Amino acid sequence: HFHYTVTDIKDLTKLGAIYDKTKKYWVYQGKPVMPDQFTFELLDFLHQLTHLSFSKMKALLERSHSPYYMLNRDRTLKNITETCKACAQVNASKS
C-alpha cells in the first residue's frame, strides 16, 4: 500500500488529483499516484544501474506505459541526473 506525506498531498491538491477514500490512494489522469519519495527511490535506483541521461530515462519511462502516475517525476529525475557524480565525470571529459 502507498503512504503519502503532507508534501505529497499539498502537491496533489495543487495538481488537481483526487483522493479515493474507499481505494486508499490518490488518482491522477486515471492512474494511481506514486508518492514523491517512492518515485524518487525508484528513479534513483534506475539511474544507479544505467546512468542514463535525463532525456533518455524520460523517453524510456513514457514509453514504459507505467500503471502509476509518478509524482514530481521530471523534477526528481532532473535532480538525480544533475547531481550524479558518475555522470558528471563521464561528461567532464574535455582535454
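Residue numbers here begin at 1 and follow the sequence given.
Set 23-31 against 40-48 and average the Cα temperature factors; 23-31 ends up higher. Among all modelled residues in this chain, the alpha-carbon of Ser66 has a temperature factor (C-alpha) in the lowest third. Ranked by Cα temperature factor within the chain, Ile18 sits in the highest third according to the deposited record. Looking at the C-alpha B-factors along this chain, the one for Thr81 belongs to the middle third.
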